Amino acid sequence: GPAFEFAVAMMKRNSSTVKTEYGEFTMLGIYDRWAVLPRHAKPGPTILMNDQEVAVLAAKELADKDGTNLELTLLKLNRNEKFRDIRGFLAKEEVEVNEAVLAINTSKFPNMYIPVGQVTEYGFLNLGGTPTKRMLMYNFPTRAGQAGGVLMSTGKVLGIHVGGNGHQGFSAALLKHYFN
């Protein structure tokens, strides 16, 4: 459909595979030389992006104003190629949709576009012991290595998958103000 036609373009032009000490993660690039990974990635001073060594110029583990974990890392990479500016495509506040697709790009999960269904705001969650805010939840079995997955609806990036359990999957929301 058009959600699939959006997601495929999205991963083709803005997604990447990234390797850190903890494993393989889909990574999404937002604008200029700036991109987003799970807080859990714990990106080093170098990351293998598409098996290629790239230097990290900066890394913010993202947190709200009262200081609890948002589960996103924003990193600025030292590279000459700039990203397609998708800032028009991510929401101002968390976004509910009846239908979304999660796009995963790892050796494990090559070119994976996965229909999640309804995405609903969720807010607070004690995610493996950590109090984390602004989650979204969709209804699907999630496995390992989809952390980093891109939650999408036509013309809208809704969040980045950061964890799940059994029959529920959770994405950190992706807000406009985090950039610019």
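So that there is no doubt, residue numbering starts at 1 and follows the sequence shown.
Of the two segments, 141-149 and 48-56, the one listed with the higher mean B-factor is 141-149 (C-alpha atoms only).
Remark: stretch with higher mean C-alpha B factor among 62-70 and 111-119 is 62-70. By the numbers in the PDB entry, the CA B factor is greatest at 127 among 30, 27, 135, 127. The PDB entry assigns the greatest CA B-factor among 12, 167, 161, 156 to 167.
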